[PDB]
Amino acid sequence: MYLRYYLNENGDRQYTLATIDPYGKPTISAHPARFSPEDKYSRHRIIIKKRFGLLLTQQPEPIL
Amino acid sequence: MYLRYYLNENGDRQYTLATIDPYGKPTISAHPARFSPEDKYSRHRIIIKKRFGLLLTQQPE
Amino acid sequence: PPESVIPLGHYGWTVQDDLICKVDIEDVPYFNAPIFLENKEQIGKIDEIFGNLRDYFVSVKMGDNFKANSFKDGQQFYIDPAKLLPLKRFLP
Amino acid sequence: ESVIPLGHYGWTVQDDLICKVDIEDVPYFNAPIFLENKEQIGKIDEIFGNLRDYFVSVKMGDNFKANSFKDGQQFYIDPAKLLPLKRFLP
Amino acid sequence: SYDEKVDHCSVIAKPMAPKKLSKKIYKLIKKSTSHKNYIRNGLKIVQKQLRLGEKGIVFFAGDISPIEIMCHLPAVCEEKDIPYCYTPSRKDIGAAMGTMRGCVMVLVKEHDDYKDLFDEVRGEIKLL
Amino acid sequence: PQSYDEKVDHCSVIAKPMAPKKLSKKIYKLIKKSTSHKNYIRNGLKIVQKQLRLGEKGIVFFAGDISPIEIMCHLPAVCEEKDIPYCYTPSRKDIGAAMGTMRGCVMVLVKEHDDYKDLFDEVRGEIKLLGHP
Amino acid sequence: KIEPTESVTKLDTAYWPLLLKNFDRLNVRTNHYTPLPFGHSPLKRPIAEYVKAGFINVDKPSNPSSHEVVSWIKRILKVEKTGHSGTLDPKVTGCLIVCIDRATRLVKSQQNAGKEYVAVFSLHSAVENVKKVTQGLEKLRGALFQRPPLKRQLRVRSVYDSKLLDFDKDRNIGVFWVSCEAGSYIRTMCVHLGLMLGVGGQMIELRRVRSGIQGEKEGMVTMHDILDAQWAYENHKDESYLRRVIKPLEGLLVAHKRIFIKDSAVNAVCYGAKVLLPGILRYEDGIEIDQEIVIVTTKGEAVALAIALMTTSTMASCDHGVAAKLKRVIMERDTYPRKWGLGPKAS
Amino acid sequence: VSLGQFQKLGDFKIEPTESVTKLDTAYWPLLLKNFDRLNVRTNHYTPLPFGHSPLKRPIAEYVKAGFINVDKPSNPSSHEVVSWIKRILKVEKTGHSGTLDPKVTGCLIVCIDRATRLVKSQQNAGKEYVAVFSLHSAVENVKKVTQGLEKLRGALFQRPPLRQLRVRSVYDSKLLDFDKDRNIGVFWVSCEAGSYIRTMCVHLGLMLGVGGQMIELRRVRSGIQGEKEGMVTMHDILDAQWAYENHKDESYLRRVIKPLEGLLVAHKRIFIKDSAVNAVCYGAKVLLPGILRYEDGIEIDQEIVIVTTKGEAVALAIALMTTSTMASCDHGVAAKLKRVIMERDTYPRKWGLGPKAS
RNA sequence: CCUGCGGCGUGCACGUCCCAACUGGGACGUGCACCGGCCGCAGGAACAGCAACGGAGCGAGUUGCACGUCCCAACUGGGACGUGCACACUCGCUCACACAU
């Protein structure tokens, strides 16, 4: 789709239609992956996310 | 007109007749702009001031 | 058909097959509301009302043998006085 | 009729002959002034200065010149054209 | 110099001409003065001509204070589609208009004599 | 033109194992050499996912540049469970050119056939040696 | 940073959990109260009560509707009730606040929350410069007339701010960020921005970037996270993922003015009693009559939302009375014991 | 450990006791400043839900009970400025305390339809001006001008400009600038209300022995309101009204107009119960049985402000009881009404229901 | 007795014309502001009450999406066959009627 984005030093979303950000790195698409309730790939996604350290729990906790 | 002023560090008005303040910057005229009650430029005045962060609502306090 | 008519506003610009008119009367027109000329000649129906609550515009869908290039700058338009609401109604 | 001492010559601001005042009474506006010989030299033009130690500037006629009077020259004024000081006090 | 003068100007002094564009603007004002009705000078005349509908280019001086005397005219120009650009000082405008007295703002119409320069300045401003 | 050392830098953090440049040439050749048999090479996320689910053996080639990753992050693990070797490619557009469709596909399923038995075996062996992090 | 056993006071007051933050900055009416062993801290509730008193900041997918993304969460979490506080169109992504069970009581209070969208608009014809679009967006500001897209009751809604983030001339497609009031239709706004610019236009993509005080940086989680968290809980009995995904409802009332009440007043408020001055442990500067406030226990929980009937100065200058009437009780009854009628008089 | 982990694992509950409950009211707005430091007579009353805080009123009441510190433009007269504000804001009444001559700019407090009752109380306020003067003939040096100014610091004698000679005070004065080439100087003067600074300039000229006159004048302060105290221009008033009538925005109008209580922050305060507000409005004297708090230092025949617990200035009164007496008494009239500011029926009629009254 | 209300031709701004700065000059029309005591009207005659008998929680009224299977010509859009999923008042029930040591 059209809406893509990159991040600044503060980790804030800068919205653009450009495929390459100012710093040369690719822009991440702004829309989440399509969801289907009958999805039986919870275990597999956890395995891969954990392997590469992208799980929510692995990130630093918030400061609420 | 005659009166002019420059702002010191504390924010007070220092009045003078000189065009240039001791710091080298221009001295702001003391008197406000003339007012015409039949002024049809209110919209055009809030647009420009807002664009440059000068409107009263945009200042602190 | 129009028993009476009052000046809705003056002319604005053109957006494809539509004629934006800047409305001077505070009252907000109805939707699908006939816009007539001075001589009670229906030209089109209101489609979209946009802008602030006291300086706003209205787009009309010229329909029965009428064109956007027909009208010209400074032209004025009329509307049925009964097809209006008070500005207060729409506002809080 | 009679006169009382108003004060002495202090300076001169153009025509105006500024007389310092030693009395505690403040004269009127255009009140006529006269010398020792009861010769009118002008009328009161302005009344400035502190409430007690104050001065009066007087406008003279064409027959008299401000420089015509030397330093220390004393002036006389009418005692019938004075107001009480307690009136002008708060 | 030039950078210093732009430093002294007010915050609403945008878009601003650089040194080269400023020389072009002063040349345009100097050329347009030869024709009485084709150059408009002053706050009242420029404001009145904009109201009536006159076209051309409006040049402002950014060193004015208080700004409420002219803060609205940039928006009026935008509404009527009149190109405009600020300059470092009013004395420069005055010096280019054959008057030591300063001019807060000016409006230049199109004449065949200086069509090329007026069109160069218009293009340069429109690209800012 | 884009190199091979910067294009790899453009991929996501989960694109491992990532075929080196030489192995990249090999896989593109294998896909081109296998595009021939229409039904012996699958294309598409849904198609590859379906064939993996029903259990079709072969090699699974992923695209390094994918975002959001949640559209295909589950496929590496499924391939690991079913003992179906897989690897990532530096860029999706390269894969699209490999099939000559001009529309890069995220994933491709390459099966075995006589015509390209040797190239398929070499690529599979190289991929197995590369290892899984 | 802090050793696990450091005293709570060793951490500055500006770093406390979500409703105790800056409690020392509040006006203290009294410190003396008898703490009770009941209740739980907002973030240390069991997993069975965390879900019931929690909300999710879901990044809605593209195709499904908002009522279908909320039914999905209810089915996934096996919760009795689930709601949301603003409907995102079926083709529109962005933030969506999904309240779980006991948190749904706040849905109404979240309806008036100011929203922030990022919209993509395609213009039928071309403009000369991006400055034209910037000025057009400038004049499409303030209170504006809007018609719901395909009831038809022309309404007036406010665009507080806007900013053209990008524009592609060749495509004639632009991106603009808009701060607007709840209920604003950005589809109609794009149509009106097209009409204003003399070329026409339409909205081809939308994404809500903030809904009230909640945004994309503030713990936004995809539906995959909710699904994955439930699977981890059922098949692994791990509540780390589930606690990351679900946040306590107190995070929706952090911007509300606070009135801390004693442990003896919580249950009375839960039964419909009005907040009374003799039970106020602390109150916050800036409380005005007819202002929605949050009643908070001494552990940081949200007892209820109330309407203030006394200003801060009035509380500071009175010894008794009705400091606030109830608007919506959040806490369940019998969480704290019945301890009303045992005051100094008890006559 | 991260602060988030400590938050999720720590207790973080308010401590059961601290033994002190001191209030910090030094930052509360307008007439609630240092509200805790006021002597507390009683804490027992039933507040009423009627009324608003001065700063959190609706827009209609906010405008109706407000004032503006306006930078007067050079050309018009003060009454023109007052009438212009009236036409802009569409308000029934408007007034101002001090009159600036047509050519004089500076502070100009304009009241709006209920602060007009405070115009009389603002007439005696002190005034600071900054004045430009030209001397007819050159002087020896600047020290001469400084000495001449130092001689006009007292209960000076001033006759109105173009005739009842009056006495008006000049508390302070300073020669801010003196350009010798043009013989033009700028001096700042603090003075009592009604003083005509043009007369002062001609008198300063007379004192220097060369004469002089006033070219410009700019009021830099009128009472407790000055240039930094939220002064706004006429353009600001017009723009604020337009923003409220077109975009239905009130923030601009709230920055322009200020609550009338901002004019009464220098007065000693007597807070009264909400049952006594309507009585005071109707004319009842401020009786002791309904006083919550008072400010120490109240003397007999002193101007004080009767305020509600919300911070609203009910009235201006003249005390008939000292602070000591008000602490040591149980009955008796604490103050006598001088100017009722609050509108009647803003609070309900609750006089006559007490124990002794019945 | 107390309170509130009312009475007891200069300049300014705008528009239009002549001349020789953020200007001062002239003319023509618009609007706008100005050159302590007594009386009349209206409100009230005020010692400032009220530490719970109206609150809360439930229930009712006032086409698209996902999956699977096939045809065809990207993180796809199309069709078909089936699966599941979404589309302020009153009226009743229950709880207490709470000033929080």
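What counts as what
- Residues numbered from 1 in each chain as written, not as in the entry; some residues may be left out.
- Chains lettered and ligands numbered in written order.
- Heavy atoms only, no water.
- UniProt positions renumbered as here; feature names shortened; annotations may be inferred.
- Helix = DSSP H or I, 4+ residues; strand = E, 2+ residues; numbered from the N terminus.
- Buried < 20%, exposed > 50% of the residue type's maximum accessible area, 1.4 Å probe, protein only.
- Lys, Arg positive; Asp, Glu negative; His and termini not counted.
- Charge placed at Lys NZ, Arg CZ, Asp CG, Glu CD.
- Patch = residues over 30% accessible without salt bridge, like charges linked within 9 Å, V, L, I, M, F, W, Y side chains within 5 Å.
- Areas by Shrake-Rupley, 256 points an atom, 1.4 Å probe, with all protein chains shown as cover.
- Salt bridge = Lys/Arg side-chain N within 4 Å of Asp/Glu carboxyl O.
- Core = buried A, V, L, I, M, F, W, Y, C linked by side-chain atoms within 4.5 Å.
- Disulfide = S-S within 2.5 Å.
- Pairing = 2+ DSSP bridges.
- Near = heavy atom within 4 Å.
- Polar contact = N/O pair within 3.5 Å; in protein donor to acceptor, adjacent residues only side chain to side chain.
- Nonpolar A, V, L, I, M, F, W, Y, C, P; charged D, E, K, R; others polar.
- Contact = heavy atoms within 4.5 Å.
- Buried area = accessible area lost by both parts, 1.4 Å probe.
- Axes fitted to C-alpha atoms, helices over the stretch in contact; angles between N-to-C directions.
- Parallel < 35°, antiparallel > 145°, perpendicular 65-115°, else oblique.
- Domains from an automatic or database assignment.
- 1 Å grid on protein atoms, 1.4 Å probe; cavity = no way out; pocket = protein on both sides within 12 Å on 5 of 7 lines; lining within 4 Å.
- Points joined across faces, edges and corners; volume = space filled by probe spheres on them.

You'll find chain H entered in the PDB entry as H/ACA ribonucleoprotein complex subunit 4-like, with Trichoplusia ni given as the organism. Looking at the header, the entry is titled "insect H/ACA snoRNP class I". Listed under Sequence similarities (unreviewed entry) in UniProt, the entry text for chain H is "Belongs to the pseudouridine synthase TruB family." Checking UniProt for chain H, the heading Catalytic activity (unreviewed entry) contains the comment "a uridine in RNA = a pseudouridine in RNA".

Looking at the PDB entry, one finds chain B named H/ACA ribonucleoprotein complex subunit 3, with Trichoplusia ni as its source organism. Turning to chain B, the UniProt record has this under Sequence similarities (unreviewed entry): "Belongs to the NOP10 family." Turning to chain B, the UniProt record has this under Subcellular location (unreviewed entry): "Nucleus, Nucleolus".

Caption draft 1: Inspection of the overall build of chain H at higher detail. Looking only at helices and strands, chain H features 9 helices and 19 strands. Taking all 358 residues of chain H together, 57% fall into the buried category. With 52 positive and 38 negative side-chain charges, chain H shows a separation of 5 Å between the mean positions of the two kinds.

Caption draft 2: The arrangement of a negative patch on the surface in detail. Negative charge collects at one region of the surface, where F:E112, F:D118, F:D121, F:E122 and F:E126 lie side by side. Here F:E112 lies in the loop between β4 (108-110) and α5 (117-130).

Caption draft 3: Structural detail: the nonpolar core. Ranked by size, the top nonpolar core spans 62 residues in total, and within it H:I68, H:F187 and H:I237 carry the most contacts. Grouped together as the second largest cluster of nonpolar side chains are 50 residues, G:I295, G:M315, G:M331 and H:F271 included.

Caption draft 4: Representation of the state of the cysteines. The final tally for this structure, using the stated rule, is 0 disulfides over all chains. E:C103 forms no disulfide, and the closest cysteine sulfur to it belongs to E:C85, at a distance of 14 Å. Judged by relative accessible area, which is 2%, E:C103 ranks as buried. F:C105 forms no disulfide, and the closest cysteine sulfur to it belongs to F:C79, at a distance of 15 Å.

Caption draft 5: Focus on the pairing of strand β18 (residues 313-319) of chain H. Residues and elements named next belong to chain H. Counting buried positions over the 7 residues of β18 gives 6, a clear majority of the element. Where strand β17 (residues 303-307) and β18 come together, 5 bridges link them in antiparallel fashion. Across the sheet, residue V305 finds its bridge partner in β18, namely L316. Counted between consecutive antiparallel strands, the loop separating β17 from β18 contains 5 residues, among which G311 sits at a positive phi close to 100 degrees. With 5 bridges connecting them, β18 and strand β19 (residues 333-340) associate as antiparallel partners. By the bridge assignment, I318 is partnered in β19 with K336.

Caption draft 6: View of the protein's contact with RNA strand I. Close contacts around RNA strand I come from 101 residues, with A:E38, G:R333, G:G341, H:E80 and H:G283 the closest. The sugar and phosphate moieties of RNA strand I supply 62% of its atoms located within 4 Å of the protein. Between RNA strand I and H:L287 there is a distance of 3.2 Å, counted from a base nitrogen to a backbone nitrogen or oxygen. For the surface near RNA strand I, the per-class residue count stands at 37 nonpolar, 31 polar and 33 charged.

Caption draft 7: Quick look at the UniProt feature "domain: PUA" (unreviewed entry) in chain H. In the numbering used here, UniProt assigns the "domain: PUA" (unreviewed entry) feature to residues 268-342 of chain H. Helix makes up 16% of residues 268-342 of chain H and strand makes up 41%, while its end C-alpha atoms are separated by 18 Å.

Caption draft 8: Geometry of the interface of chain H and chain G. With 36 residues of chain H at the contact, the number on the chain G side is 49 residues. When chain H packs against chain G, the two sides together hide about 3,800 Å² of surface, and 61% of this comes from carbon and sulfur. Of all residues in chain H, H:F12, H:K13 and H:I14 give up the largest surface area on contact with chain G, accounting jointly for 21% of the area buried on that side. Counting across the chain H and chain G interface gives 1 salt bridge. Two residues, G:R282 and H:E18, come together in a salt bridge whose shortest N-O distance is 4.0 Å. For the pair chain H and chain G, the interface holds 11 residue pairs in polar contact. Considering each element in turn, the side of chain H that touches chain G owes the most residues, 5 residues, to helix α1 (residues 3-9) of chain H. Residues of the side of chain H that touches chain G, tallied by class, amount to 16 nonpolar, 12 polar and 8 charged.

Caption draft 9: Here's a closer look at the packing of helix α1 (residues 42-51) of chain B against helix α4 (residues 73-80) of chain E. It is at 8 Å that the axes of α1(B) and α4(E) come closest, and there the two elements cross at 105 degrees. One finds that α1(B) runs roughly perpendicular with respect to α4(E). Taking contact as the criterion, the partners of B:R43, B:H44, B:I48 and B:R51 in α1(B) are, on α4(E), E:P74, E:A75, E:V76, E:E78 and E:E79. For the contact of α1(B) with α4(E), the residue count by class is 4 nonpolar, 1 polar and 4 charged.

Caption draft 10: How the structure looks around the pairing of strand β7 (residues 76-79) of chain C. Residue and element names in this part refer to chain C. Pairing analysis gives 4 bridges linking strand β1 (residues 6-14) to β7, with the strands arranged antiparallel. Note on β7: the bridge partner recorded for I6 is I79. Inspection of the sheet shows strand β4 (residues 34-36) paired to β7 by 2 bridges, in the antiparallel sense. Across the sheet, residue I35 finds its bridge partner in β7, namely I79.

Caption draft 11: Molecular detail of the domain arrangement of chain H. All names here are of chain H. Split into domains, chain H comes out as domain 1 (30-54 + 267-340), domain 2 (57-123 + 226-260) and domain 3 (127-222). For domain 1 versus domain 2, the separation of C-alpha centres amounts to 28 Å. On the domain 2 side, the residues contacting the 10 residues of domain 1 number 10 residues. In this assembly, domain 1 packs against domain 2 so that about 800 Å² is buried in total across both faces, 54% of it on carbon and sulfur atoms. Between the two partners, domain 1 and domain 2, sit 1 salt bridge. In this structure, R57 and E312 form a salt bridge, with 3.5 Å as the shortest nitrogen-oxygen distance. In this structure, the connection of domain 1 to domain 2 is made through 3 residue pairs in polar contact. At the level of elements, β18 and β19 are the ones that each hand at least two residues to the side of domain 1 that touches domain 2. Top contributing element to the side of domain 1 that touches domain 2 by residue count: β19, with 3 residues. Residue classes in the side of domain 1 that touches domain 2 are distributed as 5 nonpolar, 2 polar and 3 charged.

Caption draft 12: Spatial organisation of a positive patch on the surface. Residues and elements named next belong to chain H. A surface patch of like charges, here positive, comprises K86, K93, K120, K285, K336, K338 and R339. Examining the composition of the positive patch, we find that 3 residues originate from one element, β19, more than from any other. For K120, the position within the fold is in the loop between β5 (109-112) and β6 (127-135).

Caption draft 13: Quick peek at empty space enclosed by the protein. The volume enclosed by the largest cavity comes to roughly 180 Å³. Lining the largest cavity are A:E61, A:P62, A:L64, G:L43, G:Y50, G:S240, G:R243, G:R244, G:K247, H:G4, H:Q7 and H:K8. Those elements that place two or more of their residues in the lining of the largest cavity are α6 (240-245) of chain G together with α1 of chain H. Classifying every residue of the lining of the largest cavity gives 4 nonpolar, 3 polar and 5 charged. Within this model, the second largest cavity holds a volume of roughly 50 Å³. Classifying every residue of the lining of the second largest cavity gives 4 nonpolar, 2 polar and 1 charged.

Caption draft 14: Focus on the arrangement of the chains. No other pair among the 14 pairs of chains in contact exceeds the contact count of chains G and H. Structurally, chain B and chain D remain out of contact, their C-alpha atoms never closer than 26 Å. What separates chain D from chain F at the closest point of their C-alpha atoms is a distance of 86 Å, and the two make no contact.

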